[PDB]
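Residue numbers for the sequence shown follow mature numbering (1 follows the signal peptide of the UniProt record, and there is no 0), so the first one is 461 and each next one is one higher.
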Amino acid sequence: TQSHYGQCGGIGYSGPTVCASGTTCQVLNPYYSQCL
């Protein structure tokens, strides 16, 4: 899981991607996705 303002995705990223309830995953760019 990931908490708010948490990088849930993004190239080079190697971690969980499920945003904590209440937030969703927003792909900022092809190398970063923050949960907001």
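Even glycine gets a Cβ: it sits at the ideal position worked out from N, Cα and C.
Nearest-angstrom Cα separation, counted from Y491 out to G472
Rounded to the nearest angstrom, the two C-alpha atoms are 7 Å apart.
Apply the 10 Å Cβ neighbour rule to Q462 and answer buried if 16 or more other Cβ atoms are within range, or exposed otherwise.
Looking at its Cβ environment, which holds 16 or more other Cβ atoms inside 10 Å, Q462 is buried.
Helix, strand or coil for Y473 per DSSP?
The three-state reading of DSSP puts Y473 in coil, since its state is none of H, G, I, E or B.
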